[PDB]
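Numbering of residues begins at 1 and proceeds along the displayed sequence.
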Amino acid sequence: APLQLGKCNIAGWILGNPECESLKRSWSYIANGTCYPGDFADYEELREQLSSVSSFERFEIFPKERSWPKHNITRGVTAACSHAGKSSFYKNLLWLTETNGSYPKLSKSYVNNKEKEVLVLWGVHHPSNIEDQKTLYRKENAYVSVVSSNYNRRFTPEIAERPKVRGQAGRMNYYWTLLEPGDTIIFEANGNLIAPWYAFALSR
């Protein structure tokens, strides 16, 4: 039987758009997208990845309140993702910002210790201007590094004046990779990382 996303699409569901329900289960096919504007890398491949699963589990990959002691985990909400008439954010990601005047370099790793695949999603924030970049990340030049046994990318914030989309001039790109059992993913960044908070374990 199909997975019913109702008002949402796969992007809004899998990122955790606050308007979208967060779920083990299975389905044969899949029947509010990104509340923050941006590009979703490999989106159609992800739709196909998720099209039929035999067990699916949402799990807290990086516990929000215990993982990021040198960064701010609470101001990272936006009117673009509002909920209960208040600013909010994707339920599966975490918008890290500076604390105490600094955004130190972070380094965070996860090993898939399960006996099935793990789907990890993250984002990179692209401010519209350099003043907002400095306000949030305390430096004009930042990087996000994501490495696993078969994935290696370094992301550079693209700062540029852009049309307002859903009220926002900034953007947020979304990315993902899969981890087989025993594979390790490492996040390194000194700004702009929208960190994993919940990830997914699934089987084909």
List the steps and the verdict of side chain to side chain contact (heavy atoms under 4.5 Å, CB included) for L3 and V53. CA-CA 10 Å; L3 180 49; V53 308; over 6 Å; no
Within the side chain of [X], is there an N or O that forms a donor-acceptor pair under 3.5 Å with the backbone of [Y]?
X: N9; Y: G12; answer: yes
X: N17; Y: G33; answer: yes
X: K108; Y: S67; answer: yes
X: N112; Y: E180; answer: yes

For [X], all residues meeting salt bridge (charged side-chain N to carboxylate O under 4.0 Å, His left out), sequence neighbours excluded:
X: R153; value: none
X: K64; value: none
X: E98; value: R75, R138
X: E115; value: none

Side chains of [X] and [Y], heavy atoms from C-beta outward: is any pair under 4.5 Å?
X: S82; Y: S88; answer: no
X: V124; Y: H126; answer: yes
X: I14; Y: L121; answer: yes
X: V120; Y: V118; answer: yes
X: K134; Y: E140; answer: yes
X: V146; Y: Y175; answer: no
X: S145; Y: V147; answer: yes
X: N192; Y: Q133; answer: yes

Evaluate the side chain to side chain contact (heavy atoms under 4.5 Å, CB included) criterion for residues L94 and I194: first the C-alpha distance (whole Å), next the side-chain angles of each, then the deciding distance (0.1 Å), finally the verdict. CA-CA 5 Å; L94 179 55; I194 311 303; over 6 Å; no
[X] [atom1] to [Y] [atom2] distance, which is reported to the nearest 0.5 Å:
X: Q168; Y: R162; atom1: CD; atom2: CZ; result: 11.0 Å
X: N150; Y: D183; atom1: CG; atom2: CG; result: 5.5 Å
X: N72; Y: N100; atom1: CG; atom2: CG; result: 9.5 Å
X: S107; Y: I186; atom1: OG; atom2: CD1; result: 6.5 Å
X: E158; Y: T156; atom1: CD; atom2: OG1; result: 6.5 Å
X: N92; Y: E60; atom1: CG; atom2: CD; result: 10.5 Å

More than 12 heavy atoms of other residues, nucleotides or ligands under 6.0 Å from CG of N141: is that the case?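 Open.
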Taking atom CG of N113 as the centre, report whether more than 12 heavy atoms of other residues, nucleotides or ligands fall under 6.0 Å from it.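 Counting neighbours around CG of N113, more than 12 heavy atoms of other residues, nucleotides or ligands fall under 6.0 Å, so yes.
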According to the interplanar angle, ranging from 0 to 90°, do the rings of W13 and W27 count as parallel (below 30°), tilted (30 to 60°) or perpendicular (above 60°)? perpendicular
Parallel, tilted or perpendicular for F56 and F200, by the 30°/60° rule?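 Aromatic pair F56/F200 classed parallel.
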Going by ring-ring contact (aromatic ring centres under 6.0 Å, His included), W122 matches just one of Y151, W197, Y90. Which one? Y151
Contacts of type side chain to side chain donor-acceptor pair (under 3.5 Å), residue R166, not counting sequence neighbours: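 None.
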If we count only N and O atoms by modelled type, under 3.5 Å, do the side chains of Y36 and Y174 hold a donor and an acceptor together? no
Does the side chain of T78 come under 3.5 Å of the side chain of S87 through a donor N or O and an acceptor N or O? no
Would you please name every residue forming a ring pair (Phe, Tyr, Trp, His ring centres under 6.0 Å) with [X], sequence neighbours left out?
X: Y198; answer: none
X: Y103; answer: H71, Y137
X: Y43; answer: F40
X: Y29; answer: none

Working note: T184 + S149, criterion side chain to side chain contact (heavy atoms under 4.5 Å, CB included); need CA distance, chi angles, decisive distance, verdict. CA-CA 7 Å; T184 297; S149 80; over 6 Å; no
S203 versus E117, closest heavy-atom pair with distance: CA-OE1, 4.2 Å
Going by side-chain contact (heavy atoms from CB on, under 4.5 Å), name the residues that satisfy it together with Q49, two or more places apart in sequence or in a different chain. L46, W176, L178, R204
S102: partners by side-chain contact (heavy atoms from CB on, under 4.5 Å), with sequence neighbours left out: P104
Is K114 salt-bridged to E57, going by a charged N under 4.0 Å from an acidic O?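 Between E57 and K114 there is a salt bridge, with a charged N closer than 4.0 Å to a carboxylate O.
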Step-by-step side chain to side chain contact (heavy atoms under 4.5 Å, CB included) determination, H83 to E19: CA-CA 7 Å; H83 192 62; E19 296 293 313; 3.5 Å; yes
What residue among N173, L136, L193 forms side-chain contact (heavy atoms from CB on, under 4.5 Å) with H125?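 Exactly one pass, corresponding to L136.
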Which pairs pass disulfide (SG to SG under 2.5 Å) with one or both residues in residues 29-61, sequence neighbours excluded? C35-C81
